[PDB]
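Notes to accompany the following structure.
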Amino acid sequence: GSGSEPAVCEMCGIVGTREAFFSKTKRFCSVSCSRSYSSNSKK
Ligand SMILES: [Zn+2]
C-alpha cells in the first residue's frame, strides 16, 4: 500500500490501483459488486 497496489475485483475481475478502486473495501470496483457478492454469493 504505497505506490499503487493492484486491487482485483472478485466479481468482474477488473484490476486497478487502490486510489482508483472503491476505497470502502477495495476488493470490488463498486459497492454493488459488494452487495452482489454478499447477497448473491459467499467466500
Ligand atoms: Zn466489479
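Numbering, chain A: per Swiss-Prot, residues 82-124 in sequence.
Here the Cβ of each residue, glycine as well, is placed from N, Cα and C on the backbone.
DSSP assigns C110 (Zn(2+) binding site) to coil in the three-state reduction, placing it in neither a helix nor a strand. Around the Cβ of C110 (Zn(2+) binding site), 21 further Cβ atoms fall within 10 Å across all displayed protein chains. Among the features that Swiss-Prot reports, Zn(2+) binding site is placed at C90, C93, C110, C114, with the record citing sequence analysis.
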Sparsest-packed among the binding-site residues, when each Cβ's other Cβ atoms within 10 Å are tallied, from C90, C93, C114: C93
Env. residues of Zn(2+) site, Cβ within 8 Å of mean position of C90, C93, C110, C114 Cβ: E91, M92, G94, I95, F109, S111
